[PDB]
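# PDB entry and its sequence, pasted below:
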Amino acid sequence: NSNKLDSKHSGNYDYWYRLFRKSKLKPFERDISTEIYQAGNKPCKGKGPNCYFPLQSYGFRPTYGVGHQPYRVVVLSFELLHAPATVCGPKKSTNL
Amino acid sequence: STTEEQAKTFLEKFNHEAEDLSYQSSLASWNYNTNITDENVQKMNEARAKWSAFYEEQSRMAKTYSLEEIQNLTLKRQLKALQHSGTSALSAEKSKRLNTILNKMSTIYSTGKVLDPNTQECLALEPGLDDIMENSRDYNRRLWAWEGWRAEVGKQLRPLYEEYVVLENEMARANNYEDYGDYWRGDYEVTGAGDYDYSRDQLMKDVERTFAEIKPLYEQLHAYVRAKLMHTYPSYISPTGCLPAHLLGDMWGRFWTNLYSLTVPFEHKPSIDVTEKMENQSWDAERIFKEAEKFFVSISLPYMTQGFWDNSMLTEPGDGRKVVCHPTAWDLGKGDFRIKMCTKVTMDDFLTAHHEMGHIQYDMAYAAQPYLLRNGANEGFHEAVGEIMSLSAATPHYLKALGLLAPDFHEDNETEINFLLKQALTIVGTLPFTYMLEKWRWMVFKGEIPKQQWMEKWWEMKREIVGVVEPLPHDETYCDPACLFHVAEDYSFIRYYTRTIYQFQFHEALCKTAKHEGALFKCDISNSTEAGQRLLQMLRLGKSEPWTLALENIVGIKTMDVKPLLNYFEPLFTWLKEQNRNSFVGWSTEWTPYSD
Ligand SMILES: *[C@@H]1O[C@H](CO)[C@@H](O)[C@H](O)[C@H]1NC(C)=O
Ligand SMILES: *[C@@H]1O[C@H](CO)[C@@H](O)[C@H](O)[C@H]1NC(C)=O
Ligand SMILES: *[C@@H]1O[C@H](CO)[C@@H](O)[C@H](O)[C@H]1NC(C)=O
Ligand SMILES: *[C@@H]1O[C@H](CO)[C@@H](O)[C@H](O)[C@H]1NC(C)=O
Ligand SMILES: *[C@@H]1O[C@H](CO)[C@@H](O)[C@H](O)[C@H]1NC(C)=O
Ligand SMILES: [Cl-]
Ligand SMILES: [Zn+2]
């Protein structure tokens, strides 16, 4: 949970999440797209009738209850591939 | 490519943006409820302006979509909710005229003041009226006050109501409705659902069936009420004719609750009172909400999120700030809900807390649903779900079990008769008045009758169906029944009838699942997690699928019924029918108090 640290009174309006693209995604991909999504088979300049911006607003307030309180989430990815291993898990020490 | 994908994308956009704006508006509303300063008055002004502008713009850009080329039922109903233009279907001058007249109505009703023969006294709907009716037993005071108030309000709003009939008819005609009656009936319209389709007149047939199956019970109760009125005052009421409107117990005949002190059949027996017990235990608002949450956990409904206790206000803010504390709860969302109401050491406060807690649970049940479905399947489900829990908590077995009422007492015959009389006079007295008001409004929108016999026809039907007589006869130059609050702010009354029917049906089916035997009014919904899951099965539905299907998920029937009404009052009706062996049944509409 991160509500005091992240959610702010009068509105927290810094986090943006996309909703619509041309096709599906691929895992581990960057798709930062400042291209206004189009629908209705009528390509447009954007932000109008049937012109949708992919990114939306993460409305965050410190009074939101659990279900949509801003959660800080981190995913740790590992690979079990043959290579010179560099990130080894620590050792320990004892008395003499 | 297809219109369905565009509709889904626009509904996601509308969901998010309307969520943002509605959250802001509802937080501003709670700010109104807590701190009423001019600063937050202006803040709410701009917030509501922005929310209305956003809703209007979204609807206008939604008007480009067609309902014929979309097959998904949820998305179809969402677009149908989007396409309800309302005031914008008509011209700008007419719309601003209508909104100015509604503001005029609000100002007149909020500032309605009537002067006695001595004008030194200043009353205004609140300083008296309610307290006059509920504390004074004088005929002259009630007659004069109600007659003067009705006369002045009619004098100040007759042509406003006429132009309202005209403009609402024109709006309905411009929005593909025959009449504003059909406009109001459009909420219950369901199409595209096999075995679940209901037209605008099917509910009318259901209401007429309820009339046919309800009339004798209400006639007998009217006979008992009038007979008790005879015993209290014998020289002002005829043994067969109907009673004057001003002898129903409240402001306009809606509730017969205040008639308790004169209609109790056995005044010696002690009523079920836990008040002295909660001053024995020194009860508080935090404890009352913890007890409510214990009851709700006992029915598998979820706990109280920390935000509730953290931000919701559970006690009056002293005298530094003033709070309007009518028990209410709006839909903030995103797991944020809260309660504002005055917590006094009373038992009606127990009912109000239970009712609004059921409302909160129903509200949070459909949290995961989209915006246009984040509501009761119809307008009365929320209030019915609120009222069922309070009715269950009003039983004395619950008080015995949860410790408020000590174990060492048993249910007494006359005490339970009085309690059932309370629950009767506090509920079934509102149904006939709801029926009259809603039906009169229905044919007002229909326009079947010219302007020149409205009051005459209305009062004649009142005398003929419920025996409501004018204590002073009035011509077409009066607008007495338009003086109520909800008609005075353009609100439908079918909500209350549906609330009562749904709460009785839900109690019947839930008790049947919970397996309690004997008199049904003594049953309790506690330690019945199977029944709790059964209730949640309809709670989570919202507006995704028809309210008739939602009802089928509880009772198993697709239509409203009078069977819960008949069954809940079987022993009361038996006792009234065995006591009615030597009393008149029925009324005569010819008798009026000024015809001698
Ligand atoms: C409480 O009321 C004051 C005015 O007395 C107002 O300035 C303030 O914004 C209010 N607080 C909230 C949370 O509404
Ligand atoms: C209808 O809408 C629901 C909810 O968005 C979706 O799961 C379903 O796939 C839709 N059906 C069709 C045929 O588009
Ligand atoms: C509850 O009331 C008072 C205390 O509040 C006292 O008489 C006693 O403790 C209890 N019983 C009765 C009968 O009052
Ligand atoms: C439900 O069970 C609990 C567990 O002892 C009990 O305290 C409570 O009184 C029960 N509720 C009833 C019998 O309504
Ligand atoms: C009701 O119960 C009481 C016991 O308190 C008993 O005396 C009476 O006969 C019963 N029946 C009626 C009709 O009061
Ligand atoms: Cl009336
Ligand atoms: Zn309420």
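The structure has been received and is ready for your questions. Residues are numbered from 1 along each chain as shown, chains lettered A, B, ... in the order given. Ligands and ions are numbered 1, 2, ... in the order given.
# got a list of what the residue most central in space within chain A touches?
Taking C-alpha atoms, centre = their mean, the centroid of chain A lies closest to residue A:17, which sits 6.3 Å from it. Counting by C-beta atoms under 8 Å, 6 or more residues apart in numbering or on different chains, residue A:17 touches A:55, A:56, A:58. C-beta coordinates here come from the backbone N, C-alpha and C atoms, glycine included.
# could I get the phi/psi values of it?
Backbone torsions of residue A:17, given as degrees, to the nearest 10, read phi -130, psi 130.
# can you give me the neighbour number for the nearest residue to residue B:457 once chain neighbours are set aside?
What sits nearest to residue B:457 in space, not counting adjacent residues and going by C-beta to C-beta, 6 or more residues apart in numbering or on different chains, is residue B:449, at 6.1 Å. Neighbours of residue B:449 under the rule other C-beta atoms under 10 Å in any protein chain shown: 14.
# same question for residue B:334.
Close neighbours of residue B:334, defined as other C-beta under 10 Å, add up to 19.
# pretty sure it sits against residue A:68.
Yes - using C-beta atoms under 8 Å, residue B:334 is in contact with residue A:68, at 3.7 Å.
# circling back to that earlier point, just give me the closest of the contacts of residue A:17 to ligand 3.
Closest to ligand 3 out of the contacts of residue A:17 is residue A:58 (52.7 Å), distances taken as C-beta to the nearest ligand atom.
# so what's that closest one up against?
A:12, A:13, A:14, A:15, A:16, A:17, A:70.
# ok, and the most crowded of these?
When neighbours are counted by other C-beta under 10 Å, residue A:70 leads these with 20 neighbours.
# what secondary structure does it sit in?
Here residue A:70 takes the coil state, with states given by DSSP: H, G, I helix; E, B strand; the rest coil.
# helix or strand for residue B:593, which one?
Counting by DSSP states H and E, no helix or strand carries residue B:593.
# which of the helices or strands spans the nearest residue to residue B:497 once chain neighbours are set aside?
In space, and not counting its chain neighbours, residue B:497 is closest to residue B:434: 5.1 Å by C-beta to C-beta, 6+ apart. Taking DSSP H and E as the definition, residue B:434 sits inside helix B:430-446.
# name the residues that touch that helix?
By C-beta under 8 Å, 6+ apart, the residues outside helix B:430-446 that reach it are B:165, B:168-169, B:172, B:179-184, B:207, B:211, B:214, B:218, B:252-255, B:449, B:454, B:458, B:461-462, B:465-466, B:468, B:481, B:484, B:487, B:492-494, B:496-497, B:500.
# and the residues you listed, which are buried?
Neighbour counting by 16 or more other C-beta atoms under 10 Å in any protein chain shown classes B:165, B:168-169, B:172, B:179-184, B:207, B:214, B:218, B:252-255, B:454, B:458, B:462, B:465-466, B:468, B:481, B:484, B:487, B:492-494, B:496-497, B:500 among these as buried.
# mind checking which of these land in strands?
Among the buried ones among the contacts of helix B:430-446, DSSP state E puts residue B:468 in strands.
# give me the subset of the buried ones among the contacts of helix B:430-446 lying in helices.
Counting by DSSP state H, the members of the buried ones among the contacts of helix B:430-446 that fall within helices are B:165, B:168-169, B:172, B:180-184, B:207, B:214, B:218, B:454, B:458, B:462, B:465, B:494, B:496-497, B:500.
# and ligand 4, which of those residues contact it?
For ligand 4, no contacts are drawn from those by C-beta under 6 Å from any ligand atom.
# before we move on, back to that, TSV please, covering the contacts of residue A:58 and showing distance to ligand 4.
Listed next are these as TSV, based on distance: C-beta to the nearest ligand atom, whole Å:
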residue	distance to ligand 4
A:12	43
A:13	47
A:14	48
A:15	45
A:16	49
A:17	44
A:70	38
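# what's the closest of those residues to residue B:202?
residue A:17 (44.1 Å; C-beta to C-beta).
# ok, back up a step: strands - which of the contacts of residue A:17 land there?
Judged by DSSP E, the subset of the contacts of residue A:17 located in strands is A:55, A:56.
# closest one of the contacts of residue A:17 to residue B:381?
For the contacts of residue A:17, the closest approach to residue B:381 (C-beta to C-beta) belongs to residue A:56, at 30.4 Å.
# excluding covalently adjacent residues, which one is nearest to that closest one?
Nearest non-adjacent residue to residue A:56, counting by C-beta to C-beta, 6+ apart: residue B:16, 4.9 Å away.
# before we move on, which element is that neighbour in?
In the assignment (DSSP H and E), residue B:16 maps to helix B:3-34.
# check the offset of that helix from the chain's centre.
How far helix B:3-34 lies from its chain's middle: 26 Å, per C-alpha atoms, centre = their mean, to the nearest Å.
# again with stretch B:523-541
With C-alpha atoms, centre = their mean, you get 23 Å for stretch B:523-541.
# likewise for stretch B:221-236?
Its chain's average C-alpha position is 28 Å from that of stretch B:221-236, according to C-alpha atoms, centre = their mean.
# mind listing what's buried in it?
By 16+ other C-beta under 10 Å, the buried positions in stretch B:221-236 come out as B:221, B:222, B:223, B:224, B:225, B:226, B:227, B:229, B:230.
# isn't the fourth one right next to residue B:576, touching?
Yes - taking contacts as C-beta under 8 Å, residue B:224 lies within contact range of residue B:576: 6.3 Å.
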